[PDB]
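Visitor: Below: one structure in structure tokens.
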Amino acid sequence: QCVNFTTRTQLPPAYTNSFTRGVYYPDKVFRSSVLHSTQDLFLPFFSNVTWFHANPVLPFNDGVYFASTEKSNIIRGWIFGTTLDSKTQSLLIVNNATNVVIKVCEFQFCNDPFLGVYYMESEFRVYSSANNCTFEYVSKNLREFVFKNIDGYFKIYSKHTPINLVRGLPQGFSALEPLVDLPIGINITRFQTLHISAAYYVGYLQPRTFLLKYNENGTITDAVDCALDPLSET
Amino acid sequence: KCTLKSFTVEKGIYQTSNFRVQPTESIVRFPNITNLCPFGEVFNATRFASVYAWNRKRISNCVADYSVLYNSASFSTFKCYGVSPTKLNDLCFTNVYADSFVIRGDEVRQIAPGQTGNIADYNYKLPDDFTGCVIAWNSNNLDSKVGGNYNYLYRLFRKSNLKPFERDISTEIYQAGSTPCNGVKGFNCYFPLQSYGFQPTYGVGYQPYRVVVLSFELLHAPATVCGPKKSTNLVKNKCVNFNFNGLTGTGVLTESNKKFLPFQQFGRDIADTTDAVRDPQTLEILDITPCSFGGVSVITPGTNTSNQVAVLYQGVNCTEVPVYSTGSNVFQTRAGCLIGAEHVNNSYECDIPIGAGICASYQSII
Amino acid sequence: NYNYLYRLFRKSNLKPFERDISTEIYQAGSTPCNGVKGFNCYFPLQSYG
Ligand SMILES: *[C@@H]1O[C@H](CO)[C@@H](O[C@@H]2O[C@H](CO)[C@@H](O)[C@H](O)[C@H]2NC(C)=O)[C@H](O)[C@H]1NC(C)=O
Ligand SMILES: *[C@@H]1O[C@H](CO)[C@@H](O[C@@H]2O[C@H](CO)[C@@H](O)[C@H](O)[C@H]2NC(C)=O)[C@H](O)[C@H]1NC(C)=O
Ligand SMILES: *[C@@H]1O[C@H](CO)[C@@H](O[C@@H]2O[C@H](CO)[C@@H](O)[C@H](O)[C@H]2NC(C)=O)[C@H](O)[C@H]1NC(C)=O
Ligand SMILES: *[C@@H]1O[C@H](CO)[C@@H](O[C@@H]2O[C@H](CO)[C@@H](O)[C@H](O)[C@H]2NC(C)=O)[C@H](O)[C@H]1NC(C)=O
Ligand SMILES: *[C@@H]1O[C@H](CO)[C@@H](O)[C@H](O)[C@H]1NC(C)=O
Ligand SMILES: *[C@@H]1O[C@H](CO)[C@@H](O)[C@H](O)[C@H]1NC(C)=O
Ligand SMILES: *[C@@H]1O[C@H](CO)[C@@H](O)[C@H](O)[C@H]1NC(C)=O
Ligand SMILES: *[C@@H]1O[C@H](CO)[C@@H](O)[C@H](O)[C@H]1NC(C)=O
Ligand SMILES: *[C@@H]1O[C@H](CO)[C@@H](O)[C@H](O)[C@H]1NC(C)=O
């Protein structure tokens, strides 16, 4: 149940700097006050971030860093897949107050996928149909997320932080804890971002090498890019 | 003598072998387990569909305890074809499929690899390579009706047979002859489906029998569906072997005060050596210490002189010695545990250096 | 031909070049056999079709 829209809002994408954000815990192994070198798919430091202020379709590539600097739980929905229709197994995610809810099958979407708020909200008109599937899973502020998919396992790493800077990303460091794991394998090439009735940043990750520092409590406090510049390589 | 391959030994200290404390018992502690598959709705279902309309169910991502199914004696027929039922709780595949229906008592044997029949050719056909099990049981008191239960139908007429894992519910008027029929029965046109006449008064082999066939699937997705595991009792302060959630190894387990963030499961110190684990059941941080070991050594005054020796255990506390379990007055030193040589309070020069500033000589042995 | 036989159930395995000819009921399940197969007990020998 949906129709088209006339206010075809396409604000041109701006570009900004990533600084030192987008580090997540690689392993489930506790460590204490140690420097560990690891090769993994990370967001390279001081890279280009494609700032968005309708919603296009972006390639997923290997792994995607997604950030939303919102106020009081704005961001809700995510759509992932190769064809994003009833031809190929699609994936849908809705963030909820407690946790996230995930549906894995073929939903038929229109040009304007949106949730809708009624003024207490009750409106679910993002898609139109869903024939067959099995997998369903249920469990001011910048919310960061890292989405990855490796060998039949889709992983979502989450983080919430408070900030008062208005323009861009802050100059801070915070490791991204693992939140959700999925032992499911479906082909994904593209994804979108869902509207509600708002600026967000997107970044693309590459396989590189990093050095991490663990404090006495098993938390990451500092990271160094291996192959960025001579000092960091040393 | 065996080590030196000689019948005479000169005075001195010789390394012979090593002492290692053996394990005492095995402790396995797997997590709290959950997510049992819904078998109850299968074998306690209100009603099963027709044989040619056999109900298909998929089971995935849940623990499937086959012990309760196996030990139950309420099912007349329990025939597993692919593998033995006993080991099903050990090995498992990535999916399960259940085919539930009702047949006659005589048709029970028809559902097997290398079997043919009206059901096996017009209602449900299985491959000769089929692996799994079949569970059949009489339901005369339930499915059969005193007035004749015709709710169950079976395909009787069909031009061709049924392929394996194929369900057909077509109601096409079977045309045995060459005379076409426009949906109306005639001389050479009949109904392929016939209603069963299940009744309580019917004899053995005619009563309704509910049959559910279980098969196991190996799609390239990881295996997720099989029986639960076993959890032993945790012990402490004893050199034992453990299987904590797949992390297997030996050592002595004590209590630790270290802190884990709520998402790690186990830690390590350096060089990837497991040093602390959390029990997957009560969520507390334990600690692992290697079982004590160390080479043994022999101090002798020379085969020519005498024939009594002293034994040294390197870097082992004098708490666990064990024929040399008691011997003579045991002496404890920093270098290790010394057996057979009595301690004196005097001070002479050194004959056979022992370690940590202490050493022995021949008076007996001192 | 039903004159040829094979063992299918046993308590454990067998040593190399070791032949076992003990023809006894096998306690397949927890139910004791007590000389009768009944349930959880079956004859561990079978022929070839
Ligand atoms: C590591 O975690 C421990 C356990 O909480 C911290 O120790 C206490 O932490 C609380 C809250 O974080 C503080 O209110 C206490 O003052 C801390 N006490 C001590 C003695 O540290 C500890 O601060 C954390 N960080 C480090 C580096 O140990
Ligand atoms: C169908 O219902 C019966 C009766 O409730 C179940 O039999 C019980 O199974 C549990 C399994 O843990 C046992 O602990 C009980 O002792 C059983 N009771 C009786 C009277 O047999 C049966 O398990 C159900 N079917 C399935 C497939 O679960
Ligand atoms: C598995 O979960 C059960 C949930 O009940 C745990 O049982 C509780 O354990 C706590 C901590 O020891 C007790 O305070 C409760 O009284 C227990 N409730 C019961 C037994 O109903 C259990 O500890 C968990 N771990 C296992 C079983 O290994
Ligand atoms: C050898 O083992 C004995 C135990 O029989 C140790 O003595 C104990 O040591 C602990 C730790 O220092 C103390 O808390 C106990 O009070 C001691 N008990 C007794 C009876 O002495 C001894 O320390 C161990 N020696 C070595 C070198 O490891
Ligand atoms: C990103 O690239 C654009 C051109 O493609 C450039 O104008 C901009 O300065 C770049 N930003 C960063 C942070 O590198
Ligand atoms: C999150 O899910 C719970 C579980 O149904 C629900 O009670 C709660 O209202 C949800 N949060 C929302 C809708 O913001
Ligand atoms: C992805 O597509 C390839 C070929 O296009 C196929 O072999 C593979 O099974 C697919 N993986 C999925 C659907 O998870
Ligand atoms: C053994 O010791 C005695 C006394 O010192 C000596 O006479 C003899 O030669 C020794 N024999 C050997 C084989 O060392
Ligand atoms: C050494 O001195 C201690 C101190 O009391 C005494 O108990 C022990 O018997 C003495 N041993 C010898 C061999 O003199």
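Labels for the structure tokens follow display order: chains A, B, ..., residues from 1 in each chain, ligands from 1.
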Please tabulate, as a tab-separated table, the residues of chain A that come within 6 Å of ligand 5, each with its closest pair of atoms and the distance in Å to one decimal, counting only C-alpha atoms and all ligand atoms and ordering rows by chain, then residue number upward.
Guide:
```
residue	atom	partner	partner_atom_place_in_ligand_line	distance
A:15	CA	ligand 5	11 (N)	5.0
A:16	CA	ligand 5	13 (C)	4.3
A:17	CA	ligand 5	13 (C)	3.7
A:47	CA	ligand 5	14 (O)	5.7
A:48	CA	ligand 5	12 (C)	4.2
```
Visitor: Could you save the residues just selected, with C-alpha atoms, as a PDB file, in the first residue's frame?
Guide:
```pdb
ATOM      1  CA  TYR A  15      31.909  15.490   1.233  1.00  0.00           C
ATOM      2  CA  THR A  16      33.620  15.549   4.625  1.00  0.00           C
ATOM      3  CA  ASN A  17      36.470  13.951   6.563  1.00  0.00           C
ATOM      4  CA  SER A  47      38.967   9.301   4.302  1.00  0.00           C
ATOM      5  CA  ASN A  48      36.130  10.845   2.307  1.00  0.00           C
TER       6      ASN A  48
END
```
Visitor: Can you pull out every residue with an atom within 12 Å of ligand 3? Use only C-alpha atoms and all ligand atoms and format it as an MDAnalysis selection string.
Guide: chainID B and resid 28:34 230:234 279:284
Visitor: Could you give me the residues within stretch 4-231 of chain A that DSSP places in strand (DSSP E or B), as a short mmCIF file (atom, residue, chain, number, x, y, z; two decimals) with N, CA and C atoms, in the first residue's frame?
Guide:
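Saved file states.cif follows:
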```cif
data_model
loop_
_atom_site.label_atom_id
_atom_site.label_comp_id
_atom_site.auth_asym_id
_atom_site.auth_seq_id
_atom_site.Cartn_x
_atom_site.Cartn_y
_atom_site.Cartn_z
N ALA A 14 27.29 16.10 -0.15
CA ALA A 14 28.49 16.82 0.26
C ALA A 14 29.58 15.82 0.64
N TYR A 15 30.77 16.34 0.90
CA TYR A 15 31.91 15.49 1.23
C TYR A 15 32.59 16.03 2.47
N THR A 16 32.96 15.14 3.39
CA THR A 16 33.62 15.55 4.62
C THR A 16 34.69 14.53 4.99
N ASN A 17 35.37 14.78 6.11
CA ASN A 17 36.47 13.95 6.56
C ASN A 17 36.01 12.99 7.65
N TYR A 24 35.84 -1.33 15.33
CA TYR A 24 34.99 -2.27 16.04
C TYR A 24 35.83 -3.40 16.61
N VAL A 29 37.73 -12.25 22.29
CA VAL A 29 38.77 -12.71 23.20
C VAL A 29 39.13 -11.56 24.12
N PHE A 30 38.96 -11.76 25.42
CA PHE A 30 39.39 -10.76 26.38
C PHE A 30 40.91 -10.66 26.36
N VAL A 34 47.46 -4.71 26.26
CA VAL A 34 48.34 -5.33 25.28
C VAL A 34 48.12 -4.69 23.92
N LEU A 35 49.16 -4.68 23.10
CA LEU A 35 49.11 -4.14 21.75
C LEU A 35 49.01 -5.30 20.78
N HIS A 36 47.90 -5.36 20.04
CA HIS A 36 47.62 -6.47 19.15
C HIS A 36 47.48 -5.97 17.72
N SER A 37 48.17 -6.62 16.80
CA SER A 37 48.13 -6.27 15.39
C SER A 37 47.15 -7.19 14.68
N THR A 38 46.29 -6.63 13.84
CA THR A 38 45.30 -7.44 13.15
C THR A 38 45.02 -6.90 11.75
N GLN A 39 44.79 -7.81 10.82
CA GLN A 39 44.40 -7.47 9.46
C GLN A 39 42.90 -7.70 9.33
N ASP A 40 42.17 -6.67 8.93
CA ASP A 40 40.72 -6.76 8.88
C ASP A 40 40.18 -5.70 7.93
N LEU A 41 38.87 -5.76 7.69
CA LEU A 41 38.18 -4.81 6.82
C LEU A 41 37.75 -3.62 7.67
N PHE A 42 38.45 -2.50 7.50
CA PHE A 42 38.24 -1.32 8.32
C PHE A 42 37.97 -0.12 7.42
N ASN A 48 37.21 10.01 2.81
CA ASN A 48 36.13 10.85 2.31
C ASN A 48 34.80 10.23 2.70
N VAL A 49 33.92 11.04 3.29
CA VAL A 49 32.62 10.60 3.76
C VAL A 49 31.55 11.33 2.95
N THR A 50 30.59 10.57 2.43
CA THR A 50 29.62 11.06 1.46
C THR A 50 28.37 11.51 2.22
N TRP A 51 28.39 12.76 2.66
CA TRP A 51 27.33 13.30 3.50
C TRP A 51 26.05 13.49 2.70
N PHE A 52 24.95 12.97 3.24
CA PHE A 52 23.62 13.16 2.69
C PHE A 52 22.79 13.99 3.65
N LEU A 58 22.42 2.75 -2.74
CA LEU A 58 23.88 2.73 -2.76
C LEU A 58 24.39 1.29 -2.80
N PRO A 59 25.52 1.05 -3.45
CA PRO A 59 26.13 -0.28 -3.40
C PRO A 59 26.62 -0.60 -2.00
N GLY A 63 31.88 -3.86 3.20
CA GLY A 63 31.25 -3.51 4.46
C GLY A 63 31.00 -2.02 4.52
N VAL A 64 29.96 -1.64 5.24
CA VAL A 64 29.49 -0.27 5.22
C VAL A 64 29.45 0.29 6.63
N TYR A 65 30.07 1.45 6.81
CA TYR A 65 29.94 2.23 8.03
C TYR A 65 28.79 3.20 7.83
N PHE A 66 27.84 3.22 8.77
CA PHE A 66 26.68 4.09 8.67
C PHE A 66 26.49 4.83 9.99
N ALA A 67 26.38 6.15 9.92
CA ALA A 67 26.22 6.95 11.12
C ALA A 67 25.03 7.88 10.96
N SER A 68 24.32 8.12 12.06
CA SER A 68 23.21 9.07 12.08
C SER A 68 23.30 9.93 13.32
N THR A 69 23.49 11.24 13.13
CA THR A 69 23.50 12.19 14.24
C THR A 69 22.09 12.77 14.38
N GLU A 70 21.28 12.09 15.16
CA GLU A 70 19.86 12.38 15.27
C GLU A 70 19.53 12.87 16.68
N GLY A 77 14.64 2.31 9.79
CA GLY A 77 14.59 1.19 8.88
C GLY A 77 15.82 1.04 7.99
N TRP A 78 16.01 -0.19 7.51
CA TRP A 78 17.11 -0.56 6.64
C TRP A 78 16.63 -1.63 5.66
N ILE A 79 17.01 -1.50 4.40
CA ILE A 79 16.68 -2.48 3.37
C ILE A 79 17.96 -2.90 2.68
N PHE A 80 18.21 -4.20 2.62
CA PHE A 80 19.43 -4.75 2.04
C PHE A 80 19.07 -5.81 1.01
N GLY A 81 19.88 -5.91 -0.04
CA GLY A 81 19.68 -6.97 -1.00
C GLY A 81 20.29 -6.62 -2.34
N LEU A 91 16.20 -8.44 2.35
CA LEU A 91 16.34 -8.38 3.80
C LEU A 91 15.83 -7.04 4.30
N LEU A 92 15.04 -7.07 5.37
CA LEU A 92 14.49 -5.86 5.95
C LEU A 92 14.80 -5.83 7.44
N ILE A 93 15.12 -4.64 7.94
CA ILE A 93 15.44 -4.43 9.35
C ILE A 93 14.68 -3.21 9.83
N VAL A 94 14.08 -3.31 11.01
CA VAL A 94 13.45 -2.17 11.66
C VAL A 94 14.06 -2.03 13.05
N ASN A 95 14.67 -0.88 13.32
CA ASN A 95 15.13 -0.59 14.67
C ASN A 95 13.94 -0.27 15.55
N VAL A 100 16.40 -4.50 17.66
CA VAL A 100 16.08 -4.48 16.24
C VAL A 100 15.30 -5.74 15.89
N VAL A 101 14.47 -5.65 14.86
CA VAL A 101 13.68 -6.77 14.36
C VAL A 101 14.00 -6.97 12.88
N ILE A 102 14.24 -8.22 12.49
CA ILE A 102 14.78 -8.55 11.18
C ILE A 102 13.87 -9.56 10.49
N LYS A 103 13.58 -9.31 9.22
CA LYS A 103 12.82 -10.23 8.38
C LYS A 103 13.64 -10.55 7.14
N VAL A 104 13.69 -11.82 6.75
CA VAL A 104 14.55 -12.24 5.66
C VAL A 104 13.69 -12.95 4.62
N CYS A 105 13.19 -12.20 3.64
CA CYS A 105 12.59 -12.76 2.44
C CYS A 105 12.27 -11.66 1.44
N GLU A 106 11.48 -12.03 0.44
CA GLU A 106 11.19 -11.21 -0.73
C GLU A 106 9.97 -10.34 -0.45
N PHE A 107 10.19 -9.04 -0.28
CA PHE A 107 9.10 -8.10 -0.14
C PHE A 107 9.05 -7.20 -1.37
N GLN A 108 7.84 -6.84 -1.79
CA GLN A 108 7.65 -6.02 -2.98
C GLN A 108 7.50 -4.56 -2.55
N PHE A 109 8.50 -3.76 -2.89
CA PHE A 109 8.54 -2.35 -2.51
C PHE A 109 8.20 -1.46 -3.69
N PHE A 114 8.31 3.99 3.13
CA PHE A 114 8.33 4.77 4.36
C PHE A 114 7.39 4.13 5.37
N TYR A 127 6.32 -1.91 2.23
CA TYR A 127 6.27 -2.87 1.14
C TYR A 127 4.81 -3.19 0.82
N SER A 128 4.61 -4.17 -0.05
CA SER A 128 3.28 -4.55 -0.48
C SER A 128 2.98 -6.03 -0.30
N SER A 129 3.95 -6.91 -0.49
CA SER A 129 3.68 -8.34 -0.43
C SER A 129 4.92 -9.09 0.03
N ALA A 130 4.70 -10.32 0.49
CA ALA A 130 5.79 -11.21 0.90
C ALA A 130 5.26 -12.63 0.79
N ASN A 131 5.86 -13.43 -0.09
CA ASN A 131 5.31 -14.75 -0.40
C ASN A 131 5.82 -15.83 0.54
N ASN A 132 7.13 -16.08 0.54
CA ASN A 132 7.70 -17.20 1.27
C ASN A 132 9.00 -16.78 1.95
N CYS A 133 9.14 -17.17 3.22
CA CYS A 133 10.40 -17.07 3.93
C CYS A 133 10.31 -17.84 5.24
N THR A 134 11.43 -17.91 5.92
CA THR A 134 11.54 -18.61 7.20
C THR A 134 12.13 -17.75 8.30
N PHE A 135 13.13 -16.93 8.00
CA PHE A 135 13.94 -16.33 9.05
C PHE A 135 13.35 -15.00 9.50
N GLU A 136 12.96 -14.95 10.77
CA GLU A 136 12.55 -13.74 11.45
C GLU A 136 13.23 -13.71 12.81
N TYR A 137 13.78 -12.56 13.17
CA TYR A 137 14.59 -12.42 14.38
C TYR A 137 14.10 -11.22 15.17
N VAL A 138 13.92 -11.41 16.48
CA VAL A 138 13.49 -10.35 17.38
C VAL A 138 14.32 -10.44 18.66
N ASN A 141 22.36 13.04 19.71
CA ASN A 141 22.96 11.72 19.87
C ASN A 141 23.38 11.18 18.52
N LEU A 142 24.62 10.72 18.43
CA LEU A 142 25.13 10.07 17.23
C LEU A 142 25.09 8.57 17.44
N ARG A 143 24.38 7.87 16.57
CA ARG A 143 24.32 6.42 16.59
C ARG A 143 25.14 5.89 15.43
N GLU A 144 26.15 5.08 15.75
CA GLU A 144 27.06 4.50 14.77
C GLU A 144 26.76 3.02 14.61
N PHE A 145 26.92 2.53 13.39
CA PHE A 145 26.69 1.13 13.11
C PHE A 145 27.65 0.69 12.01
N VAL A 146 28.12 -0.54 12.13
CA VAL A 146 28.96 -1.16 11.11
C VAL A 146 28.24 -2.41 10.64
N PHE A 147 28.02 -2.51 9.33
CA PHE A 147 27.34 -3.65 8.76
C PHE A 147 28.31 -4.43 7.88
N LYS A 148 28.46 -5.72 8.18
CA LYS A 148 29.39 -6.57 7.46
C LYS A 148 28.70 -7.89 7.12
N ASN A 149 29.21 -8.56 6.09
CA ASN A 149 28.69 -9.86 5.70
C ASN A 149 29.85 -10.71 5.22
N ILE A 150 30.20 -11.73 6.00
CA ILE A 150 31.30 -12.64 5.67
C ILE A 150 30.79 -14.07 5.78
N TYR A 153 27.46 -15.13 7.31
CA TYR A 153 27.27 -14.50 8.61
C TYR A 153 27.18 -13.00 8.41
N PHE A 154 26.02 -12.44 8.72
CA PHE A 154 25.79 -11.01 8.64
C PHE A 154 25.87 -10.42 10.04
N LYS A 155 26.74 -9.43 10.22
CA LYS A 155 27.03 -8.89 11.54
C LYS A 155 26.71 -7.41 11.58
N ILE A 156 26.10 -6.98 12.68
CA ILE A 156 25.80 -5.58 12.95
C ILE A 156 26.46 -5.20 14.26
N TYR A 157 27.32 -4.19 14.21
CA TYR A 157 28.02 -3.68 15.38
C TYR A 157 27.50 -2.28 15.69
N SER A 158 27.17 -2.02 16.94
CA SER A 158 26.41 -0.83 17.29
C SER A 158 27.17 0.04 18.28
N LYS A 159 26.77 1.31 18.34
CA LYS A 159 27.29 2.22 19.36
C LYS A 159 26.41 3.47 19.41
N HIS A 160 26.22 4.01 20.62
CA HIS A 160 25.53 5.27 20.83
C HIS A 160 26.46 6.24 21.56
N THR A 161 26.43 7.51 21.18
CA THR A 161 27.25 8.49 21.85
C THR A 161 26.53 9.83 21.94
N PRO A 162 26.79 10.61 23.00
CA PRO A 162 26.25 11.97 23.07
C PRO A 162 27.24 13.00 22.55
N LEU A 176 33.55 -0.07 18.48
CA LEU A 176 32.18 -0.45 18.18
C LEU A 176 31.95 -1.89 18.61
N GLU A 177 31.19 -2.07 19.68
CA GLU A 177 30.95 -3.39 20.24
C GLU A 177 30.07 -4.22 19.31
N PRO A 178 30.21 -5.54 19.34
CA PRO A 178 29.29 -6.38 18.57
C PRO A 178 27.94 -6.43 19.25
N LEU A 179 26.89 -6.28 18.44
CA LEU A 179 25.53 -6.31 18.95
C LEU A 179 24.74 -7.48 18.39
N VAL A 180 24.68 -7.65 17.07
CA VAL A 180 23.82 -8.67 16.48
C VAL A 180 24.63 -9.51 15.50
N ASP A 181 24.43 -10.83 15.57
CA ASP A 181 25.04 -11.78 14.65
C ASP A 181 23.94 -12.59 13.96
N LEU A 182 24.16 -12.91 12.69
CA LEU A 182 23.19 -13.63 11.88
C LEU A 182 23.89 -14.78 11.17
N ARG A 190 23.35 -4.12 -2.73
CA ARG A 190 22.90 -2.75 -2.56
C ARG A 190 22.07 -2.66 -1.29
N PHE A 191 21.85 -1.42 -0.85
CA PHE A 191 21.00 -1.17 0.30
C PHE A 191 20.49 0.26 0.24
N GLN A 192 19.45 0.52 1.02
CA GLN A 192 18.88 1.86 1.09
C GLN A 192 18.72 2.30 2.54
N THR A 193 18.14 3.48 2.75
CA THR A 193 17.86 3.98 4.08
C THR A 193 16.43 4.48 4.12
N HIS A 195 12.87 6.31 5.28
CA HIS A 195 12.37 7.62 5.66
C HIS A 195 11.27 7.48 6.70
N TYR A 200 22.78 11.97 7.52
CA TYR A 200 23.48 10.75 7.89
C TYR A 200 24.71 10.60 7.02
N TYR A 201 25.71 9.90 7.54
CA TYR A 201 26.97 9.70 6.85
C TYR A 201 27.16 8.24 6.48
N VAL A 202 27.78 8.01 5.33
CA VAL A 202 28.05 6.68 4.80
C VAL A 202 29.52 6.58 4.45
N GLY A 203 30.13 5.43 4.73
CA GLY A 203 31.50 5.19 4.36
C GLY A 203 31.70 3.74 3.94
N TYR A 204 32.68 3.55 3.06
CA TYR A 204 33.01 2.25 2.50
C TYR A 204 34.31 1.73 3.10
N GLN A 206 37.58 -1.04 3.55
CA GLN A 206 38.58 -1.72 2.74
C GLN A 206 39.41 -2.63 3.63
N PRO A 207 39.97 -3.70 3.07
CA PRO A 207 40.82 -4.60 3.87
C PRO A 207 42.21 -4.00 4.07
N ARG A 208 42.56 -3.75 5.33
CA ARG A 208 43.85 -3.16 5.66
C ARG A 208 44.36 -3.80 6.95
N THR A 209 45.38 -3.19 7.54
CA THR A 209 46.00 -3.67 8.76
C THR A 209 46.01 -2.57 9.80
N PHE A 210 45.74 -2.94 11.05
CA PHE A 210 45.62 -1.98 12.14
C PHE A 210 46.37 -2.51 13.36
N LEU A 211 46.71 -1.59 14.25
CA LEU A 211 47.28 -1.92 15.55
C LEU A 211 46.35 -1.37 16.63
N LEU A 212 45.98 -2.21 17.59
CA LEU A 212 45.04 -1.84 18.63
C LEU A 212 45.69 -1.93 20.00
N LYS A 213 45.25 -1.06 20.90
CA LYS A 213 45.70 -1.09 22.29
C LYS A 213 44.55 -1.47 23.20
N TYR A 214 44.77 -2.46 24.06
CA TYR A 214 43.81 -2.89 25.06
C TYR A 214 44.27 -2.42 26.42
N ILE A 220 39.21 -1.05 23.93
CA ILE A 220 40.11 -0.39 22.99
C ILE A 220 40.15 1.09 23.33
N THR A 221 41.35 1.63 23.50
CA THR A 221 41.52 3.05 23.71
C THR A 221 42.22 3.75 22.56
N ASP A 222 43.05 3.04 21.80
CA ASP A 222 43.80 3.67 20.73
C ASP A 222 44.03 2.68 19.61
N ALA A 223 44.05 3.20 18.38
CA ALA A 223 44.32 2.41 17.20
C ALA A 223 45.22 3.20 16.27
N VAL A 224 46.05 2.48 15.52
CA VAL A 224 46.99 3.08 14.59
C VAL A 224 46.85 2.37 13.25
N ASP A 225 46.70 3.14 12.18
CA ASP A 225 46.64 2.58 10.84
C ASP A 225 48.03 2.14 10.43
#
```
Visitor: Using only C-alpha atoms, which chain B residues lie at most 6 Å away from chain A, written as a ChimeraX atom specification?
Guide: /B:264,266-268
Visitor: Would you save the residues from that selection as a PDB file, in the first residue's frame, using N, CA, C and O atoms?
Guide:
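As a result, out.pdb now contains:
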```
ATOM      1  N   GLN B 264      32.767 -10.605  25.889  1.00  0.00           N
ATOM      2  CA  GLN B 264      33.791 -11.632  25.760  1.00  0.00           C
ATOM      3  C   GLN B 264      33.329 -12.921  26.427  1.00  0.00           C
ATOM      4  O   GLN B 264      32.388 -12.947  27.221  1.00  0.00           O
ATOM      5  N   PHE B 266      36.126 -15.616  26.831  1.00  0.00           N
ATOM      6  CA  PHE B 266      37.352 -16.054  27.470  1.00  0.00           C
ATOM      7  C   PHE B 266      38.483 -15.142  27.041  1.00  0.00           C
ATOM      8  O   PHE B 266      38.427 -14.501  25.991  1.00  0.00           O
ATOM      9  N   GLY B 267      39.530 -15.107  27.865  1.00  0.00           N
ATOM     10  CA  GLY B 267      40.669 -14.255  27.630  1.00  0.00           C
ATOM     11  C   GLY B 267      41.942 -15.060  27.452  1.00  0.00           C
ATOM     12  O   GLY B 267      41.941 -16.292  27.457  1.00  0.00           O
ATOM     13  N   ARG B 268      43.035 -14.326  27.275  1.00  0.00           N
ATOM     14  CA  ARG B 268      44.359 -14.920  27.220  1.00  0.00           C
ATOM     15  C   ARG B 268      45.369 -13.855  27.600  1.00  0.00           C
ATOM     16  O   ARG B 268      45.085 -12.657  27.544  1.00  0.00           O
TER      17      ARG B 268
END
```
Visitor: Please identify every polymer residue within 8 Å of ligand 9, using only C-alpha atoms and all ligand atoms, and present the set as a list in words.
Guide: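 Checked against 8 Å with only C-alpha atoms and all ligand atoms; the hits are residues 342, 343, 344, 345 and 346 of chain B.
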Visitor: Which residues, written as a ChimeraX atom specification, have at least one atom at most 7 Å from stretch 137-154 of chain B, with only C-alpha atoms counted and residues fewer than 4 positions away on the same chain left out?
Guide: /B:50-52,75-77,123,193-200,207-211
Visitor: Should the cut-off be 10 Å, what would the residue list for chain B against chain C look like, counting only C-alpha atoms, as a list in words?
Guide: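 On the chain B side, the interface is residues 70, 71, 72, 73, 84, 85 and 86 of chain B.
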Visitor: Give me the residues near residue C:23 as a list in words, where near means some atom within 10 Å (using only C-alpha atoms) and where sequence neighbours in that chain fewer than 2 positions away do not count.
Guide: residues 7, 20, 21, 25, 26, 43, 44 and 45 of chain C
Visitor: Go ahead and save the residues from that selection, with C-alpha atoms, as a compact mmCIF listing (two decimals), in the first residue's frame.
Guide:
```
# COMPACT_ATOMS: atom_id res chain seq x y z
CA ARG C 7 26.52 -58.37 12.15
CA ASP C 20 33.43 -62.67 17.21
CA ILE C 21 30.66 -65.24 16.84
CA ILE C 25 20.36 -60.21 22.02
CA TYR C 26 21.57 -56.61 22.00
CA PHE C 43 18.82 -59.46 16.85
CA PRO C 44 22.16 -58.00 15.67
CA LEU C 45 22.47 -60.40 12.70
```
Visitor: Need the shell around residue B:161: protein/DNA/RNA residues with any atom at most 12 Å away, counting only C-alpha atoms. Skip same-chain ones fewer than 6 positions apart. Format as an MDAnalysis selection string?
Guide: chainID B and resid 116:126 155 167:168
Visitor: Near stretch 18-20 of chain B, counting only C-alpha atoms, which residues have an atom at most 9 Å away, once you skip same-chain residues fewer than 4 positions from it, shown as a list in words?
Guide: residues 291, 292, 293, 294, 295, 296, 297 and 313 of chain B
Visitor: Show me which residues are within 7 Å of ligand 6 counting only C-alpha atoms and all ligand atoms, and format the list as number ranges by chain.
Guide: A: 96-99
Visitor: Since we have the selection now, will you write its residues out, keeping C-alpha atoms, as a tab-separated table (two decimals), in the first residue's frame?
Guide:
```tsv
chain	number	residue	atom	x	y	z
A	96	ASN	CA	12.91	-0.58	17.74
A	97	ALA	CA	13.06	1.05	21.17
A	98	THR	CA	14.44	-2.08	22.83
A	99	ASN	CA	16.31	-3.81	19.99
```
Visitor: Please list as a CSV table (one decimal) with N, CA and C atoms, in the first residue's frame every residue within 7 Å of residue B:48, counting only C-alpha atoms and excluding residues in the same chain fewer than 4 positions away.
Guide:
```csv
chain,number,residue,atom,x,y,z
B,100,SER,N,3.8,-35.7,7.0
B,100,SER,CA,2.7,-36.3,7.9
B,100,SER,C,1.5,-36.6,7.1
B,101,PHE,N,0.9,-37.8,7.3
B,101,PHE,CA,-0.3,-38.2,6.6
B,101,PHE,C,-0.9,-39.4,7.3
B,102,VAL,N,-1.9,-39.9,6.7
B,102,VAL,CA,-2.6,-41.1,7.2
B,102,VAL,C,-2.8,-42.1,6.0
```
